[PDB]
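The structure appears below as structure tokens.
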Protein chains: 4
Amino acid sequence: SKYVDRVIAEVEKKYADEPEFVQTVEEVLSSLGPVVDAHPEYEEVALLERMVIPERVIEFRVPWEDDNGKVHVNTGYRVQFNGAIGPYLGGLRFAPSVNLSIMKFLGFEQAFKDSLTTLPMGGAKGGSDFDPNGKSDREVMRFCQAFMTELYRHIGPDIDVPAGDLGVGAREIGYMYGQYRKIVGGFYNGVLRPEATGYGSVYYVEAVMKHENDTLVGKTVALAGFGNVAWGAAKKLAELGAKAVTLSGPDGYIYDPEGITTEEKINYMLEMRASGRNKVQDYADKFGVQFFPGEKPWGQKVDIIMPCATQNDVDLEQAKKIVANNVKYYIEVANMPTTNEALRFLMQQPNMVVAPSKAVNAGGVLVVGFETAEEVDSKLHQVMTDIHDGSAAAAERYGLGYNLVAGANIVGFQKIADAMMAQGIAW
Amino acid sequence: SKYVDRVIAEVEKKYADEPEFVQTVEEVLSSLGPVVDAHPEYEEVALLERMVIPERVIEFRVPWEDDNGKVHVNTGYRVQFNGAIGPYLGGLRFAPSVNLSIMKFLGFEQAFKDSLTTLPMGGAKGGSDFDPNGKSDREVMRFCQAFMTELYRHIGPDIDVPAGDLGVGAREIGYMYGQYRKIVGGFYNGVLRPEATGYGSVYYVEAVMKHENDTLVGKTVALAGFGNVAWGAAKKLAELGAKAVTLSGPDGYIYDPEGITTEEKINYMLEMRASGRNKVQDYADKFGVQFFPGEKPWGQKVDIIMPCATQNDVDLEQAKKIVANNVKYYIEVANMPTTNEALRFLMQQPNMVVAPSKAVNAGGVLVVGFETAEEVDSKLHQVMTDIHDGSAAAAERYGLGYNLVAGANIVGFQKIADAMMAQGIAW
Amino acid sequence: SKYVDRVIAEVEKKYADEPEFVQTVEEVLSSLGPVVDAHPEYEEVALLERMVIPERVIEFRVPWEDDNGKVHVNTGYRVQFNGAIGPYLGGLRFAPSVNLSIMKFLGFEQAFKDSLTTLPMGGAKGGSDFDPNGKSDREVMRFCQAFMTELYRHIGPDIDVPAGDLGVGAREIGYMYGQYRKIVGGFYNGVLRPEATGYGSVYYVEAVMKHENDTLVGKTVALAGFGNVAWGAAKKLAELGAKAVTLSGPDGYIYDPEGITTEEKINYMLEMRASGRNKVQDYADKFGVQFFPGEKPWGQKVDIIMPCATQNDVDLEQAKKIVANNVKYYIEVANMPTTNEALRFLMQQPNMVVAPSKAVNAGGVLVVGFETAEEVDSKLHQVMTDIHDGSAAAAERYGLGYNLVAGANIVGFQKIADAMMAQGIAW
Amino acid sequence: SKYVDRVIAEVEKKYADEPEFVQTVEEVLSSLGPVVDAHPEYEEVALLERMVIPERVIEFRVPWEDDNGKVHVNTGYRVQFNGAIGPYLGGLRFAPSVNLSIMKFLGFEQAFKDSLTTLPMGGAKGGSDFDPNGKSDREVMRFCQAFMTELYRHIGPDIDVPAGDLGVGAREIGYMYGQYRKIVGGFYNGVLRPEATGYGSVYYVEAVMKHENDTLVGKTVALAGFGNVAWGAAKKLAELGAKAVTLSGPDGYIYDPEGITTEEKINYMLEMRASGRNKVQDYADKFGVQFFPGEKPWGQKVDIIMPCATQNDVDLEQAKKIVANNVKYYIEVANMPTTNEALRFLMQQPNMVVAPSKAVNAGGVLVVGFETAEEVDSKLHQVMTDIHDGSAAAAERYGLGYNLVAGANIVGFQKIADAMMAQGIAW
């Protein structure tokens, strides 16, 4: 679409300095042509142009004191991107790499993901360039308290609901909540455990298998990372028939053919993550396997690719070693783990099925929105499916075949456009 | 525990002038040793020391006019003791004996009781030294309105929820609610009927019977008082097999061996309470029985003791006439109806089972938190049980045998400590 | 007055456990007979009965962490006693001796003092049993922050204005203000330097001298304590003709006949107070004078008594050594530095003039309400006078002669009664 | 200072993408060494590190409809940088070049300028990349209304006060105020006329003249631009003895030796600015003078340089044509009209006097804070002077000679550090 292509171009220019954000926009909008074309009324109200600008952005100074009485100051963020369908919802990420571009891309992704759950929740994202690593508990508490001393005013039950994410575990949330309860004095219930993510991902794969008249039973899966997201996958994979043979880190990745399918193998994933060493080989040391120093696991022969580590983890080169291994299933679980070039390439590859992280990892937020153990697994499992089927049906309707990527975008977007169109020119 | 023993000592000193409150603290904490010992991290964050101080206390002047245009001024209270697990919840008591020590002890008890229901509700208590007795309805209205003209600002749906209690019946609540609706203009639904209390108490006794391989069928029960709490007990007891033979007042108590088990006998309990005469013998006059002028019913031979009147209703002497009648079941239903000395003594007595009011009378708040007739009786019945079983399991785990007193304390406390520990140093 | 005498009696009973408060009430009300007698309409609306109950009381838990990561928990208070004439105004006191009785007595005094300034400000008082002594600056900051994290909600520009007092210096105020600015985000200007107090006191003495056709020139003055209040007095006294010869501490007091009238002698008062040693003799060591170990300076021969240390510093015995030295001028500067028995005695002594702390030390709040250097000294000086003259005129009108004590009470009270009478039965 | 040099370096890195902001920081901090060195306690509390991060930043989507029903969407900003001394205060700039870096640099400058006025006002800045040029009045109204529909919540009387600036004239302010009054329903008085700026600038020059034992009488002044800022200067200059000979635009600049000193010459400045043509030569056409196409007026021989147009209007090359004309007076009036290299160079030039825009143009905000005609000119004139003298005295104290640049920085900074130090670690 010319409207679509323009806006993209405009964003590229305007936010050249926020690459992650630009990347995300291209990808999503690029998939939107067909729809925009059938909705000429969108351009009339500059819909795309409004969508790409967060409704509201908050950056704030977060000064705090360490255990030695030394003062540190970090930056806090809260990006309330789109609330067309409901109160903003999104996690907080505490990592030294966090900035506006990153919060913006996540926030943007979050509104689409939130749109797909069928739950009426908008998208937001927050965080800080603060690094919980190396910090005392007391120090996290103090930081969290400082962080919430400002944030509290921008959020609230039917306004903005924060949740957990990278750097923000139950502990951080507990510390922030206490500060919130102390200030506002209201204290609702939980200002917002990843096996849901991991599980939902696998539950999605099933729907894929089935659509493909296929089976998970006896499949080799390559994971990236060894964090909560891989672990929850490996677990479910192992329990469902398949088995993981790869985990990667910043020091390379390891190959395990027996599969990471044993109560003990997996529990090590917990040990390594809680060991703050951030080194995959510790595993190579543990279970006496082969570890490949400073390498990416995408040259391994596998039935399925399931990247659960970091962004742009898969560029073009890596995608060439993949299609060159005739892997039929590339499944994003971590946010943008593939360069937009890489992906297109794959989307381009005819025998393979590609799934988008925004759909695939919508497991966590689902549950969250859900506030027993199996009234759960049940719904997560089920909704994960409807999400798969919905995306599939949509791509088709628009004559794209089995494009799970576009489909996801079209479905989530469709829910938003309608809302914004009904609500008029205000936001 | 030395930590435990210290704090107790500190409280004793500090609040020497608030005896009821001191009493309650000793009792609860005294039961907490074993746990504290396994949680050395508690002392590190002065947990006990924070717990014994209400988060926030409010006293206020309540000036009002009587039917003769004469002005009276009373004191209002709202003790928001602990909100670790959820919005404060607690009733209001209107009695001329009310003061801070009393609101404090109730508020403190209330957070433990509230903790045991499994409901996420904190503990609070409010009231006034105002005496509804002798007052016109109009006069209660006016007082209630004056009372709420201040309170409204400290409470609210997800902040603090008041309920009914001694002196505060549906009428008072209705009058306060109207004032609230008129001021805030919000008007939620019910700023907060004791047969639940009475019923739950009996439902607890059952769980006890069962644990004891025993039966309620054909048991003699001694009640104290003839208020809503005794009545609801007698009713259920009578309906369940047992029968009441005692009711007490400020003028003594009466003995009825036929049992207070007839539609008519019981309904008199309603008549006497609504007659404002506050004299048990009116009953002795009614059903031609023996009334004992200026005596406490604890010298009677009975299967069960169920004190439903006032606090420290059972000291040491009384406990000596009891163990000396080999009563196996002493069941507190009214708040602290036993001196801490008395109780210990009993707890000390090997054949008897002792139940704590905080667990036993958790019937009312349960229901409240519940906002048909039997979806109710059902849950109340059930939860009452889980409460019994939980307390039992806990005492055991800690090697105390069947100590329903400690068990209650340990369970309620355990839910609170965790919360406070998760929320950090703020409150 | 029978109304007056009753209420007093009622208060005595009711608040037996808050002695300081009882004391203050007796004193003030005891002076009010004549007025009450001419205002029978007061009793009709239970005026006295409302007055003795603070409009609103707030106690709160203040948990904080020390430099060693150890957690401490103290109690915060804010007594908003009377706001008939304007927003509450009052300081905060941080001392380990602080409790409700004390905040209550100060709060009560504060509304009378505030009434006398002609400024439209009500009376309040706050504080904590927290002891800044021995604490690091960081530790005060942290405590102050915790303290304000709760207080902020009860105060505000045209609601309640806190100021400084014992334990609360510019530093504490600065720390609290920053926390306030950070939370509410409003940040007005100064949530509230004692030479004003000290100065005003001396300025009052002048009006007294003049009324007495007397002179300050060449007078011996006995001070108690060596804090900001004595210092500011000594300074002005020294500059005005007189000279201080006594300072007292917890270890006794010292006699200096040359007078504490030298740039250097006085500056030591600053040194001793900033030395946290709390020992008057350090002065005895410094300027080689006589110090009397464990004694009260009231046996010294002096023209004027000016107690600037602590409460009930002067009981009956001490008053007997005083009248027995024929001192014509007893001037309270510190709050209730005399037992009610002592004072009456003195009030009883025919040649002497007695001034009440509430009038005498109204110097500080005046200035405060004032938000150059001499537009100041000017007004303080002047108003101090009008206060003296007003009290004098009032006592007379009521046929009490030159009773500066009663007069103060009558004037301050008169301003309040009128207001409360105009505003009706609400507070 | 090593602390100073570090932070600068850190900022350079971190905000490489916000050049204007980096520039401003270097300049200001670079002047701060001496002070920081005498205040080692600053580093202890990471003062510089907190200062460079705005307390709070707000970006927002501003969708609006044009006269043709076409929808446009712009970005709104409000940077509440520092409120140490008082409520934020700052204008709004509506220009298509506006972004975060720019709002940030202005906001940062604004807190120093605001600090120098002696008024207790913090610094903020807001705006939008919206371009009032070419827009209908109705269209500005609609945009302003949309803009305020979000902003209203972040501002308020004693919170944040917006004022006028580039793109925001009385009309915009009026339109925003009406929207504010309509929403909040409060409607204070003026959510915030440049001859004050212009005048104050000249009033500052006088203080400079005097310090230099010099006279404005018969001086040639080179202005840049022909906007409100030049006009107000020319006017006062013309009235005070001097005369303008240059005005510049985007198309070059013109030379007028008769001087722009006639009621009519000047009034044309109004005509050209209101003609939206943005072409200086229109003037060259009008008064038949020489206009230099695509040139900067800094090669002209003049007594004084007074840049009133745009930022970095004077780089190094331009500064070389200036010192090479031995101009003794370089006076910044527009914000950063000189590259940091240029300036240093000049600061480096021994015979010349350099004045900083932050001091020089503090005329407007002064007045603003002032809410007749000459109670005004009076104070503006006077304060402008004290500002000059203060900066001078400061530079000296620190042994810098007559460095009006550093001096300004030191004075404004000094007021802020103290405040932040008193308020503790919160912001």
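Residue numbers in this text run from 1 along the chain shown.
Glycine too: its Cβ is placed from the backbone N, Cα and C atoms.
According to Swiss-Prot, the active site, proton donor annotation covers B:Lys125, on the basis of experimental evidence. Taken from Swiss-Prot, the feature site 'Important for catalysis' applies to B:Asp165. Residues annotated as NAD(+) binding site in Swiss-Prot: B:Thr197, B:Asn228.
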Worksheet item: Name the residues of the same chain, 6+ apart in sequence, whose Cβ is under 8 Å from the Cβ of B:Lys125 (active site, proton donor)?
Response: B:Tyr77, B:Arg78, B:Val79, B:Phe81, B:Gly90, B:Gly91, B:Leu92, B:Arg93, B:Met103, B:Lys104, B:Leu106, B:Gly107, B:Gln110
Worksheet item: For the binding-site residues B:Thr197, B:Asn228, which Cβ has the most other Cβ atoms within 10 Å, all shown protein chains included?
Response: B:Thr197
Fill in: Distance from B:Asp165 (site 'Important for catalysis') back to B:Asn228 (NAD(+) binding site), taken between C-alpha atoms, in Å
10
Practice prompt. Check B:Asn228 (NAD(+) binding site) against DSSP and tell me helix, strand or coil, would you?
Written response: helix
Response to the item:
One should report the C-alpha separation between B:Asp165 (site 'Important for catalysis') and B:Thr197 (NAD(+) binding site), rounded to whole angstrom, as 11
Worksheet, complete the sentence: All chains considered, the count of other Cβ atoms within 10 Å of the Cβ of B:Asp165 (site 'Important for catalysis') is 23
